[PDB]
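These notes are about the structure you will find just below.
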Ligand SMILES: CCCCCCCCCCCCC/C=C/[C@H](O)[C@H](N)CO
């Protein structure tokens with residue numbers, strides 16, 4: 019945290035093109051549930067999977 | 019003191035990272051009483067220490 | 002309800027922007043009030059002051075206190091290492107690795123060892139010259155090889171592809187390279203003193219080579235080469251200067267009076283101990 | 010209301026009629042690990058009164074040539090009581106300590122003892138060898154003395170290569186035989202990590218040294234011991250497994 | 010809150026751990042001369058911290074046959090420090106004093122000292138001669154001893170022909186080696202004129218006398234000194250001229 023009044027500037031671009039710029043803007047998005055649990059019928063952690 | 023309208027800028031950072039920056043923001047905080055006088059019962063300067 | 006027995019710091023902080031002032035104090039003739047007498051057996055220092063010992067004037071004190079903070083004390087670059095790259099004729103490796111230990115050079119070592127725990131950032135500058143001194147227009151590679159990463163086996167070996175390892179490409183005729191490094195310890199602070207062993211097991215009483223070596227300080231290796239195919243004939247040293255910034259420090263400890271011997275060990279001479287203060291002719295002659 | 014103290018911890022208690030205040034190291038009390046600083050997910054164990062209490066080592070006897078002794082903590086306690094057992098079955102230890110040192114003599118005796126608490130106290134090989142191969146190192150029985158304590162070869166440089174005169178940076182107190190017969194320091198948990206292994210790592214050593222030597226005129230008592238009593242304030246243990254003594 | 014005292018005057022200060030109150034002679038503090046009592050028109054000088062401060066004479070050593078010593082004030086201070094210089098260049102002196110006497114010994118010693126302050130203390134010739142011609146008188150070195158002090162030939166009659174037992178009319182205190190190691194009296198300026206010559210006239214003498222003799226059993230310390238430390242509270246000087254030592 020901290021960094022009071024550090025006036026950061028990075029993403030400013032000197033060219034008319036978008037791909038000339040510098041990464042990132044980051045991303046915090048995740049969706050593990052599509053790779054880890056890609057099943058039709060949802061299964062709870064309490065219940066046994068197969069009944 | 020003095021330095022009327024000198025428009026100082028230092029802490030401005032050119033990178034997306036906090037550790038890329040330059041010291042300091044300083045600090046004026048002190049707590050000598052923890053090293054110099056670390057005793058339970060507080061002792062005044064007037065009174066004799068041991069009574 | 003049925004079983005009842007189941008059911018801070020005294021010191022505080024104050025900003026000090028200048029040296030302390032002095033208030034006027036007159037004499038005192040009376041009993042019961044004794045600022046001079048102290049008892050040091052409590053481990054606390056005498057709190058007696060200028061103003062209760064003598065008669066003083068008033069001094070507004072604008073002396074600055076600022077330069078002595080741990081930030082300003084520790085932010086300076088000083089030599090943490092030297093790397094010798096032959097690359098020349100005869101036996102030729104073509105590269106040199108330097109394990110990163112800043113305890114190898116005494117002058118910056120004694121400042122750090124005033125403290126048990128330290129958490130900081132870093133600014134490394136690489137000043138490379140030739141054997142005597144000069145700069146030719148040769149391209150260089152400074153690569154960081156973190157723990158577990160393959161160390162390069164040759165001048166041209168594949169570990170220099172550095173698809174991941176950070177590397178710096180620089181010409182000897184360019185101003186010295188410089189980078190910022192974070193706090194990489196897997197613990198929460200660096201520690202220059204570790205009383206303990208890294209692993210379990212039975213420890214030899216004859217020779218303990220593992221005593222006192224903290225795992226948390228192993229930062230990987232620094233490796234140099236000359237970017238090229240055949241070889242150069244030159245021979246060069248790289249000097250490595252580390253600056254500490256954003257630094258915090260804990261638990262101050264005494265400053266070392268004995269000559270250092272080894273990087274990683276506080277070994278000193280059982281013979282030959284040097285006194286901390288030079289000796290005079292008699293205790294009754296101040297000079 | 011000062012020189013008389015009583016300390017009660019667990020089923021144990023200590024009285025002293027001659028005492029110089031109490032030192033609270035670095036201005037903090039021992040405490041349990043806060044949820045924000047903690048890392049290991051499993052639930053620690055907190056025995057309270059069975060571990061936290063005064064254990065009393067054997068007494069070190071006090072002579073004119075004595076160079077001074079040291080101990081390591083928790084190491085002195087790893088074989089004793091329920092504290093020694095928990096530290097063997099758990100991989101993760103945290104706590105503070107309350108240290109108490111008893112030395113008494115009579116108004117015709119004299120001397121002084123420096124009692125200090127040294128975080129990360131590293132002993133040092135003694136020799137002129139500058140090669141890390143041929144260079145000497147201390148033995149395990151030296152690095153970690155146990156209950157029996159160890160002794161200084163060079164008490165002036167504190168065996169670590171550092172001057173004794175500056176030891177007054179650590180939380181300390183003096184036993185000055187004309188003034189007080191005990192020294193008590195309350196040490197918080199200090200370490201760069203919240204938990205650690207009691208077996209592999211000792212947080213801090215204790216040090217008793219004769220800055221001014223013992224003197225008594227003939228006919229008085231020659232036998233002076235130095236007794237040590239230490240209590241583990243606020244203990245936690247984690248990472249339960251089988252027993253490992255070392 | 011009684012037996013422990015500190016006195017701070019000027020750049021000097023005195024601590025004592027064993028003391029019996031403090032005597033303020035005749036219930037007054039020293040003070041500067043009020044405009045109504047003053048006579049001389051010229052402006053006095055008031056150095057404050059350079060004159061007013063504790064000066065310490067040599068120590069008088071304490072024996073079984075000792076009959077006791079005396080000093081004269083300001084006379085003891087006329088050659089010392091900046092106080093001695095001002096008193097030589099000025100014809101008119103006024104001030105008070107704070108007197109402090111240090112004698113210590115050990116719980117196996119015994120004795121008592123009478124410490125008194127005698128305004129206008131006149132020594133006396135010793136002889137049977139009733140003719141003012143043939144009758145003896147004391148010498149200047151006796152009347153005004155200086156720093157070196159003087160001694161009593163007849164301590165019982167105080168060398169003035171007056172019984173010692175009634176000396177308790179003057180501001181006094183005792184040093185009783187089982188009770189206190191110091192005696193302190195704060196003397197106001199006393200005189201029949203507001204200013205006077207420090208050189209020609211001594212306001213009052215100090216007196217230390219063994220009413221009960223020193224005793225110690227063999228093997229204890231034979232050497233006991235008596236040290237004297239005196240400070241000139243509230244000093245004034247007038248009538249500036251060249252320097253006259255006498
Ligand atoms: C492009 C090259 C960059 C080189 C980056 C190297 C950064 C390494 C981290 C340095 C942090 C301080 C070093 C660690 C402390 C002491 O050396 C320990 N005693 C090591 O044993």
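Residue numbers (the deposited numbering), protein chains in the order written: chain D, 19 to 69; chain D', 19 to 69; chain A, 2 to 8, 18 to 297; chain B, 10 to 255; chain B', 10 to 255. A prime marks a further copy of an entry chain.
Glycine residues also receive a C-beta, built at the ideal position from the N, C-alpha and C atoms.
Cutoff 7 Å: residue 36/B Cβ touching any chain D' Cβ: Yes - at least one Cβ of chain D' is within 7 Å of the one on residue 36/B.
Where residue 180/B meets chain D', residues with beta-carbon distance less than 7 Å: Within 7 Å Cβ-Cβ: 56.
N- and C-terminal bounds of the alpha helix (DSSP H) containing residue 16/A: As shown, the structure holds no coordinates for residue 16/A; chain A passes over it, running from 8 to 18.
Amino acids of chain A, ordered along the chain, whose beta-carbon sits closer than 7 Å to that of residue 109/B: Chain A residues near residue 109/B: none, gap ~14 Å exceeds 7 Å.
Contact under 7 Å by Cβ, residue 248/A with residue 116/A: No Cβ-Cβ contact shorter than 7 Å links residue 248/A with residue 116/A.
CB contact below 7 Å: residue 57/A versus chain D': With its beta carbon less than 7 Å from one in chain D', residue 57/A belongs to the interface.
According to DSSP, residues forming a beta bridge with residue 262/A: Beta-bridge pairing by DSSP links residue 262/A to 125/A.
Close Cβ partners of residue 256/B' (< 6 Å) along its chain, the five nearest in sequence each way excluded: This structure cannot settle anything about residue 256/B', because the visible part of chain B' is limited to 10 through 255.
Buried or exposed (CB count within 10 angstroms, at least 16 for buried), residue 45/D': It counts as exposed.
DSSP beta-bridge partners of residue 205/B': Residue 205/B' is bridged to 102/B'.
Within-7 Å CB hit, residue 51/D' to chain A: With 7 Å as the cut-off, residue 51/D' counts as an interface residue toward chain A.
Distance, residue 48/A Cα to residue 42/A Cα: C-alpha separation (whole angstroms): 14 Å.
Buried/exposed call for residue 69/D, threshold 16 Cβ in 10 Å: By the neighbour-count criterion, in which 16 or more other beta carbons inside 10 Å mark a residue as buried, residue 69/D falls on the exposed side.
Outcome for residue 200/A when other beta-carbon atoms lying within 10 angstroms are tallied against a minimum of 16: So residue 200/A counts as buried.
Test: residue 85/A CB closer than 7 Å to a CB of chain D': At least one chain D' Cβ lies under 7 Å of residue 85/A.
Beta-carbon spacing of residue 273/A, residue 87/A below 7 Å: For residue 273/A and residue 87/A, no; Cβs fall outside 7 Å.
Close Cβ partners of residue 249/B' (< 7 Å) along its chain, the five nearest in sequence each way excluded: The residues 98 and 99, in chain order, have a CB closer than 7 Å to that of residue 249/B' in the same chain once the five nearest residues on each side in sequence are set aside.
Residues from the stretch 20-48 of chain A in contact with chain B', defined by Cβ distance under 7 Å: Residues of the stretch 20-48 of chain A whose Cβ lies closer than 7 Å to any Cβ of chain B', in chain order: 37, 38, 39, 41, 42, 43, 44, 45, 46 and 47.
Any non-hydrogen atom of ligand 1 within 6 Å of residue 239/B CB: Residue 239/B Cβ: outside cutoff for every heavy atom of ligand 1.
For residue 134/B and residue 296/A, the rounded distance between their alpha carbons: Looking at the two C-alpha atoms, the distance is approximately 37 Å.
Beta-bridge partners of residue 148/B, as assigned by DSSP: Residue pairing by DSSP places residue 148/B opposite no residue, since no beta bridge is assigned to it.
Chain D' contact for residue 31/D (CB, 7 Å cutoff): No, residue 31/D does not count as interfacial toward chain D'.
Closer than 6 Å: residue 176/A CB and nearest ligand 1 heavy atom: Shortest gap from the CB of residue 176/A to any heavy atom of ligand 1: under 6 Å.
Within 7 Å, strictly: CB atoms of residue 26/B' and residue 13/B': Yes; because the gap between Cβ atoms is below 7 Å, this pair is in contact.
Distance cut-off 6 Å: residue 37/D' Cβ against heavy atoms of ligand 1: Residue side-chain check: residue 37/D' keeps its Cβ at 6 Å or more from all non-hydrogen atoms of ligand 1.
Closer than 7 Å at the beta carbon, the chain D' residues around residue 26/D: Residues of chain D' passing the Cβ test: 31.
Best match in 187/B', 74/B', 62/B' and 72/B' for proximity to residue 115/B' [C-alpha to C-alpha]: It is 187/B' whose Cα lies nearest to the Cα of residue 115/B'.
With 16 other Cβ atoms within 10 Å as the buried cut-off, status of residue 30/B': With fewer than 16 Cβ atoms within 10 Å of its Cβ, residue 30/B' is classed as exposed.
Per DSSP, the bridge partner or partners of residue 128/B': The partner list for residue 128/B' (beta bridge, DSSP) reads 213/B'.
Distance, residue 129/A Cα to residue 170/A Cα: In a straight line, the C-alpha of residue 170/A is about 31 Å away from that of residue 129/A.
C-alpha gap between residue 157/B and residue 253/B, whole angstroms: About 20 Å.
Reference residue 132/A; option with closest CA among 33/A, 208/A, 123/A and 89/A: Residue 132/A has its Cα closest to that of 89/A, out of 33/A, 208/A, 123/A and 89/A.
Chain-ordered residues of the stretch 11-44 of chain B with a beta carbon less than 7 Å from chain D': Residues of the stretch 11-44 of chain B with a C-beta less than 7 Å from any C-beta of chain D': 11, 12, 29, 30, 31, 32, 33, 34, 35 and 36, listed in chain order.
At least three beta-carbon pairs within less than 8 Å, the stretch 203-217 of chain B' to the stretch 119-131 of chain B': Touching, yes.
Status (buried if at least 16 other CB within 10 Å, exposed otherwise) for residue 153/A: By the Cβ-count criterion, residue 153/A is buried, with 16 or more other Cβ atoms from all chains shown falling within 10 Å of its own Cβ.
Nonlocal neighbours in the same chain, by C-beta distance under 8 Å from residue 283/A, ignoring five residues either side: For residue 283/A, where only same-chain residues beyond five positions count, the Cβ hits under 8 Å are 268.
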